[PDB]
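Every heavy atom of this structure was used, including side-chain atoms; hydrogens, water molecules and symmetry mates were not. Proteins come first, then strands; the chains are lettered A, B, ... in the order of their sequence lines, and each starts at number 1.
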Amino acid sequence: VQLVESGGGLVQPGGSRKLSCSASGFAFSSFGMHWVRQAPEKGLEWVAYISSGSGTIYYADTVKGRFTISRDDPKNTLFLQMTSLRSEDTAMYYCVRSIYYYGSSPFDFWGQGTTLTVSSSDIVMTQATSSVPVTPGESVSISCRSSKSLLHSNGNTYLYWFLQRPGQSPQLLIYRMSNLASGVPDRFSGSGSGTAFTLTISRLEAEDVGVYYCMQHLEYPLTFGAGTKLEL
Amino acid sequence: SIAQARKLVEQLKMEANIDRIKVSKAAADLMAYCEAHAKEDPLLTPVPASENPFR
Amino acid sequence: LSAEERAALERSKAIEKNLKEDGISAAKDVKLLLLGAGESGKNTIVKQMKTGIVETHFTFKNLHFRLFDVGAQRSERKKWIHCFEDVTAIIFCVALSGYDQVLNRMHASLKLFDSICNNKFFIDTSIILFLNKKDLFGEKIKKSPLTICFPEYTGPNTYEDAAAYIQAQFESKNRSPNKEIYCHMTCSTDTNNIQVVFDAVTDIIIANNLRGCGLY
Amino acid sequence: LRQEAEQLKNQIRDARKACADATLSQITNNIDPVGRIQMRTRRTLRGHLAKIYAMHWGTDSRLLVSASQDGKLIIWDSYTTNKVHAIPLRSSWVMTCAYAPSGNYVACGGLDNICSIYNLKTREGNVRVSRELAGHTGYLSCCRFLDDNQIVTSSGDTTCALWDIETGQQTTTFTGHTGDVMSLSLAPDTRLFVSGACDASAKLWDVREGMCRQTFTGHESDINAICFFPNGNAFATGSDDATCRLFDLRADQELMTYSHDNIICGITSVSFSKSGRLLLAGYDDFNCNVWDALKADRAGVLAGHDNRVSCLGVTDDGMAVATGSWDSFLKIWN
Amino acid sequence: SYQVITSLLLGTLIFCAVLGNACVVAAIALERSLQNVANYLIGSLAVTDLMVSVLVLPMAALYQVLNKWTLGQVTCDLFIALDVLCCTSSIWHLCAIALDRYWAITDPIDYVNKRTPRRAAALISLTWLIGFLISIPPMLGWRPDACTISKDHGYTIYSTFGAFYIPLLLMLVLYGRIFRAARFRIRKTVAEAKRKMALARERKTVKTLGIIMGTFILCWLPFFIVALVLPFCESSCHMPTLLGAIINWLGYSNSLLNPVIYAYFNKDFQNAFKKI
Ligand SMILES: CC(C)CCC[C@@H](C)[C@H]1CC[C@H]2[C@@H]3CC=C4C[C@@H](O)CC[C@]4(C)[C@H]3CC[C@]12C
Ligand SMILES: CC(C)CCC[C@@H](C)[C@H]1CC[C@H]2[C@@H]3CC=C4C[C@@H](O)CC[C@]4(C)[C@H]3CC[C@]12C
Ligand SMILES: CC1(C)CC(=O)N(CCCCN2CCN(c3ncccn3)CC2)C(=O)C1
């Protein structure tokens, strides 16, 4: 499974640019696809979502109108048409796989991203701790709090955990709170309830060093908690 | 067919070497399992509409 | 509904859309059950039209046919004969040169034909009967009389009359007004059986539509 | 050796008659009967455009797979009636479907004589054919996963088979039926399975040993359905002779007969409740009849299908019964 | 008593029409085996006749019992519009059913590959559009104690030809072609038992087409004969009240007889009513 974003580079403020992500090695047409950006030193921020078959499209309120997400299913390409590129549109843009059926694992695969540089009622997810220093072999718990209860009346709590490793794309660890992702070693655990959540690593390695992000998927303006960077 | 006949005879011999408990004991075991799990039987004892995921 | 529930419902709706499209494209297929007894000319007419079930797809004059060769199912038909309850026609193959052979081949063919005509799942299913190997039957009928198979024939010994008597014996198994047997005599070499199947299927559809209107 | 075989059968049936100390009908006279099961269709699963021949419940008691002759294998979110997957089969002539106890695989097969394993959870988002189990020379009438790597399949070649899914090989062949084998039921411990066939007999098979432990012969017609009691010490069959029979593995005898005078059509599917006191049999008269398994009394009738009820299943949590049928509709009852 | 006996007779007519048409619509809605393109047209005819029986026949029956239009004049215009619309739609539903049967009998390839419920909806929409095209001119531009359709001349040809004579011609032509095709099929199937069954099927074709076209004609042809002649007989043609009432109510009784012909005679409908 591959997702190769293309585009980026310097763009004058107020200009326009098209971001393309060439999907490869998976049934791209059956996946809802996202754009998630991350400013050169800030956390993750979901940009737009086009569902499978282009049926349903959402945008962040900071890009809505200026941005248009589209997908080319026969060519397996996901597009982001950017207009009036403000200085705050300077971020690495990750295209994200996402598939939604009962028990699916949304946000499981992320692309490698493209650096776009612009020349000179939302649920508030607040993982308040940051820059946590840890040692290999130790057990660390990463906290997360939500402005609204992520638990739904169906029993599902829509909290996601991601691992921004240094120089690497985010990787899903826990998709729906307490649900371990595939390929993630079962030392990570998902816990918490209601509005407060914790991600526990039973015995952290040097592989686990990185920035850990919350994400809510209850109401669609998906929001992240500023990453709790784990450092050796 | 000698082979089929001897296979049938051996299979029936294996059938014979079965320790058959009494059918009264078998029915007692079945009734005991039914009664010990009757509470854990949503179809036999319908759950309230709150506990029913199909409502 | 949650956002993920909304997207799951949307995926389900797309799945139903695809199922509807596929069922629409599938309801336009004429489903034919190719049925017969072994050495009968099933393979010959399949080769003309062109595991456990062999399915032959051929389009003839804007009409799509799904021919289901189930001859590899040497099991009880009644345990899967209901899977073909909704076929337009049963294509039944008979070797005309099977009255003088034993495995009686032709008596087995009559028994199979009767059990298929009077099958409950095929009460209103018409049959495209193929009397195959008519050249071999003609060769064998001037030497072998139609008395090895039928003792109560009491008729002539010519090719035409003997074959007509065989076809009559097969057609006598119908015992129903709502189905027809479209007997055709094939010589394993004429390139016409596709047209015969098409004509019989056309007639079946027309008669069914007439029946729906009270005109049949 | 025919005389020896007949003598062995006679002495085995004499041993069975020796154990007939008290019929199950007698013991449960002095126990309260279930009053009247009145279940109601909660969900109706629409989307199959042809005859539904098999359904299987997931072990999570929410997902169920269904098989129909339209060539589509549909996985249902029975809580929301959502369609999780629609699997297009290479051969539309499916007669059976199984859902893996893990939930990662579904199997199906039929007149193609192949058990096709489908990987539901692939790195790509599609459900693709994981394995095609060839080696049966008749149609597959049932299949049940032992686990992700082992599946037992019954066939119309009169033989059941145990398969290594990874190697696609018949680990074991279960020969001994003389007619088409129509159904399988794994014991809850999966160390042994029963199989009812068209010789009107149900044989108890040891999965590991690969040999028929016991043969049960009470039915008069072809056995279309079989299901273990929840404790694994008994099973119930369903045949074309419009009767269900409860056979005990340890007693090696038929304990109860579930037949009513007005019922003349065959039985397509049987299943038990979680406690096992209810035997839910699907009949050709278009409805499922619920039987008090300890008293052989029709607790209720699941009318609601407009064609032959071909398949039915009970969830592992026992909350719901889903009945498939030839009318192309799946109904969840509760 | 003349009020009472007429009221009971017309009320039983309306009640039977409502019951029959509603039962046909319910049979198609409930029974999923009765949801066919042909069955869609039959049930749309039932819906049209139900609209006739619930909108026109109560007001028409009051206008018959009281012998005068006691309601308003805007209500008179509404009555005429609904009457012409719904009766034209019923007649053209007969034509749509005939056309569907003709296509099913003479075009099996179209029946298998091209015939979809979209065509049933197109036919139903066409019948309702023709009903509107016949009933609207009186409201737009071709127009006491009596509520009568526009007794114009141009509109008389327009409303009798566009609603019955073109439908009658089309149904005659289509069912004549259908009769030719049915006879050809029966002769194709044409030892004595086979020919006896062929004669029986020909008798069935004759009797079925007789029921269809004879009921259509007996119900509506008197009405459109009177409706084409009287707007041209200034004084040479006087209509007796009893006779003209019988003609009008024969036309209305067509909506009672349509479910019988097309549904209550259909074997599938009978089986579905049994299932209900
Ligand atoms: C108000 C009522 C009388 C109008 C209905 C007219 C009906 C009942 C009358 C008028 C024309 C008649 C049909 C005329 C022609 C035939 C063909 C004949 O081979 C069988 C009888 C049959 C089918 C008649 C049946 C009854 C019939 C259809
Ligand atoms: C079974 C059906 C089709 C038979 C035909 C019904 C129609 C044609 C018959 C039955 C009852 C009849 C009505 C009985 C009463 C009267 C009142 C009289 O002052 C004018 C005629 C009128 C209004 C008749 C018109 C025709 C009528 C409605
Ligand atoms: C008889 C009365 C005592 C009671 C009564 O009901 N009426 C009205 C009859 C109307 C009958 N419509 C007239 C308009 N139609 C029509 N359809 C198609 C094309 C043109 N025209 C349908 C039939 C009377 O006149 C007096």
Shortest non-hydrogen pair, D/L294 vs B/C34, comes out as CD1-CB, 3.7 Å
Quick one: closest heavy-atom pair of B/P53 and D/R43, and the distance? O-NH2, 3.4 Å
Which one, D/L24, D/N231, D/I27, leads in non-hydrogen pairs under 4.5 Å with chain B? D/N231
Relative to chain B, which segment of D/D317 carries a heavy atom at a distance below 4.5 Å: side chain, backbone, both, or neither? backbone
Applying a strict 4.5 Å limit to non-hydrogen atoms, the region of D/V321 in contact with chain B is both
Quick check: does any side chain N or O of B/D41 sit under 3.5 Å from a backbone N or O of D/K274, one acting as donor and the other as acceptor? yes
Interface moiety of D/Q214 toward chain B, non-hydrogen atoms closer than 4.5 Å: both
Salt bridge or not between B/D29 and D/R250? Use side-chain N to carboxylate O under 4.0 Å. yes
Using a 4.5 angstrom heavy-atom cutoff, name the option from D/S275, D/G300, D/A22, D/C19 with the most pairs to chain B. D/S275
Check each atom of D/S78 against the heavy atoms of chain B and say whether the ones under 4.5 Å are side chain, backbone, both or neither. both
Proximal component of D/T175, with respect to chain B [non-hydrogen, under 4.5 Å]: side chain
Pick from D/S273, D/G35, D/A299, D/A320: which one has the most heavy-atom pairs with chain B under 4.5 Å? D/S273
Could you check whether atom CZ of D/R191 has more than 12 heavy atoms from other residues, nucleotides or ligands sitting under 6.0 Å from it? yes
Would you call B/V23 and D/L255 a side-chain contact if the rule is heavy atoms closer than 4.5 Å? yes
On a heavy-atom basis, which atom in D/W333 and which in B/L43 lie closest, and how many Å separate them? O-CD2, 4.5 Å
Count the heavy atoms belonging to other residues, nucleotides or ligands that lie under 6.0 Å from CG of D/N29, then report whether that count exceeds 12. yes
Min side-chain heavy-atom separation D/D248-B/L30 under 4.5 Å: yes
Contact class of D/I31 relative to chain B, heavy atoms under 4.5 angstrom: side chain
Output the option from D/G276, D/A234, D/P230 having the highest count of non-hydrogen pairs under 4.5 Å with chain B. D/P230
Closest-packed option against chain B by number of heavy-atom pairs under 4.5 Å, given D/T28, D/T80, D/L278, D/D292: D/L278
Between the side chains of D/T215 and B/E15, does any donor sit under 3.5 Å from an acceptor? yes
Under a 4.5 Å cut-off applied to non-hydrogen side-chain atoms, are D/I12 and B/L12 in contact? yes
Check whether any side-chain heavy atom of D/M211 sits under 4.5 Å from a side-chain heavy atom of B/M14, and report yes or no. yes
Which bit of D/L246 comes within less than 4.5 Å of chain B, counting heavy atoms only: side chain, backbone, both or neither? side chain
Residues two or more places apart in sequence or in another chain: which of them pass side chain to side chain donor-acceptor pair (under 3.5 Å) with D/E254? D/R245, D/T257
Partner set under salt bridge (charged side-chain N to carboxylate O under 4.0 Å, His left out) for D/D199, not counting sequence neighbours: none
Hey, are the side chains of D/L8 and B/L8 touching, using non-hydrogen atoms and a 4.5 Å cut-off? no
